[PDB]
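Novice: Protein chains in written order, with our numbering: chain A, 215 to 328; chain B, 17 to 351; chain C, 25 to 142; chain D, 16 to 116; chain E, 17 to 126; chain F, 183 to 549.
One structure is given below, represented as structure tokens, and several questions about it will come after.
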Amino acid sequence: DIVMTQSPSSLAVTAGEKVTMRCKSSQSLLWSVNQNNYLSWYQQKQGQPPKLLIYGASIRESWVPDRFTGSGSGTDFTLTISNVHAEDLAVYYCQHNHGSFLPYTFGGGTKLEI
Amino acid sequence: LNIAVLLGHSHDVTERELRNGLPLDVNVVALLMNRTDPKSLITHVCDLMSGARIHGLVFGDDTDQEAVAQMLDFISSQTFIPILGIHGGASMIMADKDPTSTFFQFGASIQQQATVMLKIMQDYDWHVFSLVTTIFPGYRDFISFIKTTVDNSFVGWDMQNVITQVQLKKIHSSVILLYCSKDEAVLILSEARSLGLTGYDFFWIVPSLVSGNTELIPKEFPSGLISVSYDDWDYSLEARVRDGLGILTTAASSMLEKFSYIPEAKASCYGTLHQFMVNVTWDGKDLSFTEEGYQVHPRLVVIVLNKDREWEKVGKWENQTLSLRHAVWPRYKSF
Amino acid sequence: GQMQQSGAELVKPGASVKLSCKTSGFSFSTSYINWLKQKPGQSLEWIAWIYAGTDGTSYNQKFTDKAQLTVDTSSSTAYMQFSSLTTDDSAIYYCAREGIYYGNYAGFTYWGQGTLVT
Amino acid sequence: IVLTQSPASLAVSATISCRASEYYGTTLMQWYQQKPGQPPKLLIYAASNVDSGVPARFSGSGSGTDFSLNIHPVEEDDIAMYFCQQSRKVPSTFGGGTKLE
Amino acid sequence: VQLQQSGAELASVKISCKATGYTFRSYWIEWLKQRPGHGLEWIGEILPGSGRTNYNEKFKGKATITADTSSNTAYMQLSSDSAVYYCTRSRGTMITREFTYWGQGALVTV
Amino acid sequence: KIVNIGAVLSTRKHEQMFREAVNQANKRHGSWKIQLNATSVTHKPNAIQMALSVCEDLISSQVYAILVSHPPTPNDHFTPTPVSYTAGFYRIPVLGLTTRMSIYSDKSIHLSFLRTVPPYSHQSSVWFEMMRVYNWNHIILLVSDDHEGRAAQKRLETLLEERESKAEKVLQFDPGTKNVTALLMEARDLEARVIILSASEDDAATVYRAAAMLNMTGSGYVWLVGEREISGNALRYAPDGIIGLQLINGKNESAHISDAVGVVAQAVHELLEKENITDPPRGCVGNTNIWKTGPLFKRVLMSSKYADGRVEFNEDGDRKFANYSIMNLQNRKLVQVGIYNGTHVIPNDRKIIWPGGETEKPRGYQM
Ligand SMILES: *[C@@H]1O[C@H](CO)[C@@H](O[C@@H]2O[C@H](CO)[C@@H](O)[C@H](O)[C@H]2NC(C)=O)[C@H](O)[C@H]1NC(C)=O
Ligand SMILES: *[C@@H]1O[C@H](CO)[C@@H](O)[C@H](O)[C@H]1NC(C)=O
Ligand SMILES: *[C@@H]1O[C@H](CO)[C@@H](O)[C@H](O)[C@H]1NC(C)=O
Ligand SMILES: *[C@@H]1O[C@H](CO)[C@@H](O)[C@H](O)[C@H]1NC(C)=O
Ligand SMILES: *[C@@H]1O[C@H](CO)[C@@H](O)[C@H](O)[C@H]1NC(C)=O
Ligand SMILES: *[C@@H]1O[C@H](CO)[C@@H](O)[C@H](O)[C@H]1NC(C)=O
Ligand SMILES: *[C@@H]1O[C@H](CO)[C@@H](O)[C@H](O)[C@H]1NC(C)=O
Ligand SMILES: *[C@@H]1O[C@H](CO)[C@@H](O)[C@H](O)[C@H]1NC(C)=O
Ligand SMILES: *[C@@H]1O[C@H](CO)[C@@H](O)[C@H](O)[C@H]1NC(C)=O
Ligand SMILES: *[C@@H]1O[C@H](CO)[C@@H](O)[C@H](O)[C@H]1NC(C)=O
């Protein structure tokens, strides 16, 4: 079981200014057999639709805007946003997809506000 | 034990004749049945089962149906009691039983039928033959056994071919092995009979499948046919009913000494001896069975269709070698 | 594609409930049926998954003998039963199916909603 | 199968009846003699065959669902209760009892 | 062939039935209730050789019958009824299914 | 002026859909005075009853065909065996719907049984086709030594006879075995490097665990398994890199019932056109005869040909021209890598991963 926490846990900052989110895992999740890491961000604000925001820490989803960006490798990961908008106010999670860790795990969560 | 001598048949077999520190000894239950429907079979079976837990079950059949054996096997599996087929379709041989089933049959099996056939062809040195078969079930296994037995003898067989105008044209052998059904036998044979493969030296050989019910020879069966079928002439029911108790009285006694416990049924239709009969012999007569339940010394016979248009025995199989009554083949003209 | 779940239901202590998760809009027979949890004030908890084609089942260590699973291809309706339910079991339940992207499992993509319990 | 016999009490100085509510030519009925404070003793089996080691004064007959028992000559021995038992179906059942005096 | 049983009783109880006249692994053993005021009843049978057991629907779930192949004893347990009890054995010729050998009798009361 | 079509089913929804399909089938098939009246019953344990009640009801109704769907779920041992004898006594055609046991093809006992799904011997045929693809000549086959195992072995041997090749070894183990260590050691010691297994889920899990303990499933090996071997906890014990196969719409049952009803209706309509037609007997009791045109209608049914894909039967009385999916285990997650065409094995864009690493083809010899 890989239990990871995201620091910090909350922030009340002015909208339109870049923020940094990081989720640090125990073991390295890299897998050189397929040369792909098991990273995925999620979001849920209204209607409880937990949807995979960014997966693989390097490729965005089709409908995710350009400003969103994910990064990280091994155990350290970085979630960087160019500009903060009120539409992004939600609770996030980090979850792995490696088949080694039975069962899966979910991120600590960050109830951001302004 | 509590042996139920069941008789499902229309033939006149009386029950008074059947009447005429041991745990079970011998007990006889006599029932004569005419109908052979699933409902009648199941009702009679359950009525017998509820009646004081009868042990032995011996059945005889007068019809010539194939599902009687299937129903008997199903009942034997669901009640856990051995069943012996003695006459008719009950004594007919089925292909593949089930491991849980305890149905033990009579009569020779199809492979054992080929061996006695090839023992006759060698005895008359017809060392050249051909194989003709159809899509009727049982041809695939008959083909495989035919080739194997040829390669392992001192005769040196000279098998020609195995078999639609081209198929009949390339036939040039003297002895022909045939495998088809009666409704198709009169059809394939009639086609060849008009073509010129019947007469003085052209010998057809068919198993008990092609020539079944006696006294039902169609208008077109060339007199001089050779086939093998179970002996029902001199081995009457008395030699076929006392044999049912001979196996069970020995198996039960042999089971009791090895295991101080006698098997029994469920005594209810609603909700051992499986491998103890391989080695058994009563009064010299080897009544032992095989791994598939078939007999070991089947009483096969060889028949010929003389001019008077009737089947008559020509040779007898005993021990492991046939004893033909002619040893030099006479001449039969057909049509 | 969309999924439908059962309505709200409250159970007395010691009772058992069998929920369902309707499926439509994708290839059902070659998928996994995962089950989740969300108790307010606490993180989620993966429970089990079921392979549709061959009824391949897996259990979590905590819930090894606390539940059971079943499926039915004809109606495309999932089945799940809870055993020895109590007050501590009061939490929302979800049915989700993982998806394959670029020829590799990318996480959870099909989601349900609702199905409260107490 | 439910059995019923009369009379419940008999006064003699005799016969018994037991009516039922056969197995391929065989009748299934047995009569038991039970002195007070003693286990039952089988007396007649198959409704027609007596048991070895018993006095010949006892004889019985019956068929179908109506069977009867009679005794002659009368002696001190037949002073207990009696019943009839069926075995055509499981479980078996017995009679209602019949004294004598 | 002779039979012996336990003593009187006075919850749950157990009654023994020991065989000392034959091969105990061959014949069934049946239990009978003979509560005064009527003829008798029938409970169940047990075969020591294989252990197959059948019970009566009326007494189902209340009487448990067990046997020990070593000491040749029969145990019948009633759980959670004051009647005289008998354990018996058939002659063995079968079909008739009659009762010939009788025990002594154990008187239970509540 | 109506033809009775018996049926056996469990779900009320199943029977409602069956009745709806039968009713809808009488829309565009002429304006004559002939129709069809359905008759369906429920299941029953204690197969003596399951046979007697079905016989009585369907014979008294005098139905033309007796359909059989999947057996009851709680009793996996339940099978259409007690039905195929009762409906085979009178040569009344039976149409199995879901059962895939290969014992049914032996038509010396099960006289009048058909279906519309290919049994497991076609998986052996697909295995032979696969072995004809990647240039492999030696394969080790492990079978359950049961009837299905013998059937699969015979089919594979017949397939290999045409190719003139040979099987290096054919392992044989009893079902529900405990100690297969000797057999696994014998297989490992040989130079053949292709292993094929076919047994129950429990046996598959046991042999997977034994192979994992013996450390035989590393790099350079070849694995091929069927359908039942990757079901249940056998999947949980399965080793990486394995290759398995499964049907398409195995138990969807909707198109199954629709197609079976359509085929029965078309066969009946084509049969009633010609003369020499009889009716099922009142074989409840006392009817020792058989159906006059039993084999005739059986041949008529077996000679069916359809475009609505194609539904054509062979001499085996089964269904052919079926599709398949090719699955390769990866991260303990089954992934579809290609689809098996009617006869071709054209793959997809997915890249396969063999036991160990990389996609390089492992050989079959120990040179
Ligand atoms: C097979 O596929 C699925 C279930 O495996 C079902 O698809 C339905 O098809 C019917 C028409 O037959 C549609 O009306 C339904 O809307 C479909 N439902 C879904 C969820 O796809 C159905 O059981 C089968 N479909 C067929 C017969 O093609
Ligand atoms: C035999 O025929 C008689 C007279 O019809 C009748 O009992 C019944 O039809 C048949 N009985 C059996 C046992 O088949
Ligand atoms: C078969 O049984 C007889 C019975 O005594 C015995 O003598 C003989 O050795 C047995 N043979 C085999 C092969 O079991
Ligand atoms: C005939 O069979 C018996 C046993 O069945 C055997 O002892 C005898 O040797 C056989 N006859 C010949 C000539 O081998
Ligand atoms: C039609 O089938 C139904 C089955 O529900 C049956 O009750 C009815 O008797 C049948 N009628 C005819 C004329 O076959
Ligand atoms: C299987 O048999 C061999 C033979 O001795 C033994 O060494 C091995 O321990 C057995 N397997 C198990 C699991 O005990
Ligand atoms: C286990 O696998 C390793 C592979 O490196 C092998 O060297 C070793 O011999 C295996 N052990 C056994 C007991 O087979
Ligand atoms: C019906 O049978 C007769 C007699 O064999 C035959 O002449 C006729 O052609 C048959 N009819 C059909 C439609 O086959
Ligand atoms: C499935 O089979 C049908 C015919 O049975 C065929 O038309 C169709 O192309 C197949 N689909 C595949 C191979 O994906
Ligand atoms: C798929 O199979 C069909 C017939 O089975 C054939 O006509 C077709 O060409 C095959 N597909 C390819 C791509 O060859």
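Where a beta carbon is used, it is the ideal one built from N, C-alpha and C, also for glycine.
1. Give every residue of the same chain whose Cβ lies closer than 6 Å to the Cβ of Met-232 (chain F), excluding the five residues on either side of it in the sequence, and list them in chain order.
2. At a Cβ cut of 7 Å, what residues of the stretch 239 to 258 of chain F count as close to chain B, listed as they run along the chain?
3. Taking the runs of the alpha helix (DSSP H) that are 4 residues or longer, which of them lie wholly in the stretch 74 to 153 of chain B?
4. Listing by chain order, which chain E residues have their CB less than 9 Å from the CB of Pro-39 (chain B)?
5. Would you kindly report the start and end of the unbroken beta strand (DSSP E) that includes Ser-30 (chain C)?
6. Show which residues of chain E have a CB atom less than 9 Å away from the CB atom of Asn-229 (chain B).
7. Looking at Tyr-403 (chain F) and residue 569 (chain F), is the spacing between their C-beta atoms short of 7 Å?
8. Based on DSSP bridge pairs, tell me the residues matched to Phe-106 (chain C).
9. Which of the three DSSP states, helix, strand or coil, is assigned to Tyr-38 (chain D)?
10. Straight-line CA distance for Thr-47 (chain C) to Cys-119 (chain C)?
11. Quick check on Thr-108 (chain D): buried or exposed, where buried means 16 or more other Cβ atoms within 10 Å of its Cβ?
12. Spell out a yes or no on whether the stretch 32 to 41 of chain E and the stretch 87 to 95 of chain E are touching, meaning 3 or more CB-CB pairs, one atom from each, closer than 8 Å.
13. Using a Cβ-Cβ cut-off of less than 7 Å, give me the residues of the stretch 55 to 80 of chain E that come near chain B, in sequence order.
14. At what residue ranges does the stretch 274 to 325 of chain B contain a whole run of the beta strand (DSSP E), taking only runs of 3 or more?
15. Where does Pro-264 (chain F) fall in DSSP's three states?
16. Please indicate yes or no: does the CB of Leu-68 (chain C) lie closer than 6 Å to some heavy atom of ligand 7?
17. What residue ranges within the stretch 354 to 413 of chain F form continuous alpha helix (DSSP H) runs of no fewer than 4 residues, ordered along the chain?
18. Comparing alpha-carbon positions, which option in A:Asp-302, A:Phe-291, A:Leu-326 lies nearest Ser-239 (chain A)?
19. Quick check on the DSSP output: the alpha helix (DSSP H) that includes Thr-164 (chain B) runs from which residue to which?
20. Beta-carbon within less than 7 Å of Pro-275 (chain F)'s beta-carbon, same chain only, minus the 5 sequence neighbours each way: which residues are those?
21. Would you list the residues whose beta-carbon is nearer than 6 Å to any heavy atom of ligand 8, in the order they occur in the chain?
22. Kindly indicate if chain C contains any beta-carbon less than 7 Å away from that of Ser-413 (chain F).
23. Please state whether the Cβ-Cβ distance between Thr-111 (chain C) and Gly-123 (chain C) is less than 7 Å.
24. Could you tell me if the beta carbon of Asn-335 (chain B) falls within a distance shorter than 6 Å of some heavy atom in ligand 4?
25. Which word fits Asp-199 (chain B), buried or exposed, when buried means at least 16 other C-beta atoms lie within 10 angstroms of its C-beta?
26. At a Cβ threshold of 7 Å, is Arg-105 (chain E) touching chain B?
27. Between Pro-52 (chain E) and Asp-66 (chain D), what straight-line distance do the alpha-carbon atoms span, to the nearest angstrom?
28. Can you list the residues of chain E that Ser-76 (chain D) reaches, using a CB-CB cut of under 7 Å?
29. Mind checking if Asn-434 (chain F) is an interface residue toward chain C, Cβ cutoff 7 Å exclusive?
30. Hey, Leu-417 (chain F) and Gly-80 (chain C): beta-carbon distance below 7 Å or not?
31. On the DSSP bridge list, what partners appear for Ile-58 (chain B)?
32. Report yes if the C-beta of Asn-205 (chain F) is less than 6 Å from at least one heavy atom of ligand 1; otherwise report no.
33. Are the C-beta atoms of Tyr-286 (chain B) and some chain F residue less than 7 Å apart?
34. Which same chain residues end up closer than 6 Å to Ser-222 (chain F) when comparing Cβ atoms and leaving out the 5 residues on each side of it in sequence?
35. Let's see if you can read the secondary structure: which residues bound the alpha helix (DSSP H) around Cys-237 (chain F)?
36. Is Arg-273 (chain F) buried or exposed, if buried means 16 or more other CB atoms sit within 10 Å of its CB?
Specialist: Short version:
1. Apart from sequence neighbours up to five positions away, the residues of its chain that approach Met-232 (chain F) with a beta-carbon distance below 6 Å are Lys-226, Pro-264, ordered along the chain.
2. Those would be none; no residue qualifies.
3. The stretch 74 to 153 of chain B contains, as complete alpha helix (DSSP H) runs of 4+ residues, the segments 83 to 95, 104 to 107, 126 to 139 (chain order).
4. Result: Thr-39, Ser-42, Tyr-43, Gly-108, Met-110.
5. Careful: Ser-30 (chain C) lies outside any beta strand (DSSP E) and carries neither H nor E.
6. Within chain E, no residue comes near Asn-229 (chain B); the closest Cβ sits about 39 Å away, beyond 9 Å.
7. The structure shown does not extend to residue 569 (chain F), since chain F is modelled only from 183 to 549, so the question has no answer here.
8. Looking at the DSSP assignment, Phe-106 (chain C) forms a beta bridge with C:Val-41, C:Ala-91.
9. Judged by DSSP in its simplified three-state form, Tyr-38 (chain D) adopts coil rather than helix or strand.
10. Taking C-alpha positions only, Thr-47 (chain C) is separated from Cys-119 (chain C) by approximately 10 Å.
11. Under a 10 Å Cβ-count criterion, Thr-108 (chain D) is classified as buried, with 16 or more other Cβ atoms of the shown protein chains found around its own Cβ.
12. Because the criterion of three Cβ pairs below 8 Å is met, the stretch 32 to 41 of chain E and the stretch 87 to 95 of chain E touch.
13. The residues in question are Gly-65, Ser-66.
14. The qualifying runs are 316 to 321.
15. Three-state DSSP puts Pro-264 (chain F) in a helix.
16. Relative to the non-hydrogen atoms of ligand 7, the Cβ of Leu-68 (chain C) never comes closer than 6 Å to any of them.
17. Whole alpha helix (DSSP H) segments, 4+ residues: 363 to 371, 383 to 396.
18. Looking from the CA of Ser-239 (chain A), the closest CA among A:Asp-302, A:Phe-291, A:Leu-326 belongs to A:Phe-291.
19. 155 to 166 is the span of the alpha helix (DSSP H), which, as asked, contains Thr-164 (chain B).
20. Closer than 7 Å at the Cβ level, and outside the excluded window around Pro-275 (chain F), lie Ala-247, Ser-294, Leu-296, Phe-479, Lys-480, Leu-483.
21. Counting every residue whose Cβ lies closer than 6 Å to a heavy atom of ligand 8, we get F:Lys-456, F:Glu-457, F:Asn-458.
22. At least one CB of chain C lies nearer than 7 Å to the CB of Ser-413 (chain F).
23. Cβ atoms of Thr-111 (chain C) and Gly-123 (chain C): not closer than 7 Å.
24. At least one heavy atom of ligand 4 falls within 6 Å of the beta-carbon of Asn-335 (chain B).
25. Exposed is the call here.
26. With 7 Å as the cut-off, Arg-105 (chain E) does not count as an interface residue toward chain B.
27. Approximately 27 Å, taken between the alpha carbons.
28. What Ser-76 (chain D) touches in chain E, judged by beta-carbon distance under 7 Å, is nothing: the nearest beta carbon there is about 17 Å away.
29. Taking Cβ atoms only, chain C reaches closer than 7 Å to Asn-434 (chain F), which makes this a yes.
30. Yes, they are a contact pair.
31. Partner(s): none; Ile-58 (chain B) has no beta bridge.
32. Every heavy atom of ligand 1 is 6 Å or more from the Cβ of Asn-205 (chain F), so no.
33. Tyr-286 (chain B) has a beta carbon lying within less than 7 Å of a beta carbon in chain F.
34. Same-chain partners within the cutoff: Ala-189, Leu-191, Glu-197.
35. In the DSSP annotation of this structure, the continuous segment of the alpha helix (DSSP H) that includes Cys-237 (chain F) starts and ends at 229 to 243.
36. Counting of Cβ neighbours within 10 angstroms places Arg-273 (chain F) among the buried residues, the total reaching 16 or more.
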